[PDB]
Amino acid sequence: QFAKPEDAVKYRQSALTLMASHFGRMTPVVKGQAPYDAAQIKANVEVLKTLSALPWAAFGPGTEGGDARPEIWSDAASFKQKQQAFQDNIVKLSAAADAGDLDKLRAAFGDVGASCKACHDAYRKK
């Protein structure tokens, strides 16, 4: 599916756009500005869980480009920790959504949000 480095860029950008939508639409619920519907959130966090695993296979060998910094590949043990933290947080998010526990959800939502930013600060271009 990633014939040239550009195809990898196009895929990973599309997956990240969809995780942003699926993550970002839950903001009003975790802030108490919308009613919490536990089954709907459980379904939406299942979509997000699936989407959250996809970008990372499109950052393989030789796929520099986009708004990706080069340090993704020159500091790859570091990048990998910034991806694992984020996928670790998605596990948390799922555990709270599956339990129907809003306070835990709200907590795991903020862990997720911070890990998004920590990777962007270090490995995404302005």
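The numbering used is simple: start at 1 and walk along the sequence shown.
Of the two segments, 47-55 and 31-39, the one listed with the higher mean B-factor is 31-39 (C-alpha atoms only). Averaged over their C-alpha atoms, the temperature factors of 71-79 and 92-100 are higher for 71-79.
Looking at the C-alpha B-factors along this chain, the one for residue 87 belongs to the lowest third. In the deposited entry, the Cα temperature factor of residue 106 sits in the top third of values across the chain's modelled residues.
In the deposited entry, the Cα temperature factor of residue 18 sits in the bottom third of values across the chain's modelled residues. In the deposited entry, the Cα temperature factor of residue 9 sits in the middle third of values across the chain's modelled residues.
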